[PDB]
């Protein structure tokens, strides 16, 4: 089978779910539910973490036949290669590698904030820096429909998740960046993406786990 294992939240699995849907993959999900405060029990996961044959047990994981893959970027690249959704030219591969890692840094900046006990005090600093962050992505995208040019590739699924999560956080944040606004709309307008988003499989919320200060519900 093809099985995606992750917590029952958006988190690091959003881009993977969207890519599985876009590629018309035949997959099922193993959803782990963290317990409520105060214990935030992880037993649903911990009771099988070491029983799945994973080399480096973690969430998310993808099982595809005999392939057992962890690390969200490795999972995305695996699916992308399977469906010819990677950068082709050297210049495209450079952009792909820069963006995969840059978007991960941006993702981690937001996650660090949203789990920080000092969230309320720290949020203004994040918001002050947000337009500059977005400006750099806007400049890089330029006039192209997708981040690697005319063809959609896996890094667009990363880009969508990170950019759209920032819109959930600060609704107006993309408004100053026409190309980013149009990118979100173009992605959500893709046939398989809009089909997914009208279905009960779509899991836009909670953004983060039960322990988060923001995005826990």
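Numbering follows the first chain given and starts at 1.
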property: Mean C-alpha B-factor comparison - 96 to 104 and 116 to 124, higher one; result: 116 to 124
property: Greater mean Cα temperature factor according to the PDB record, 40 to 48 or 65 to 73; result: 40 to 48
property: Deposited CA B-factor, highest of 150, 161, 55, 188; result: 150
property: Assigned third (lowest, middle, highest) for the C-alpha B factor of residue 171; result: highest
property: Ranked C-alpha temperature factor of residue 212 among modelled chain residues, by third; result: lowest
property: Residue 201 CA temperature factor, ranked by third within the chain; result: middle
property: Chain-wide C-alpha B factor ranking for residue 86, given as lowest, middle or highest third; result: highest
property: Residue 130 by Cα B-factor - lowest, middle or highest third of the modelled chain; result: middle
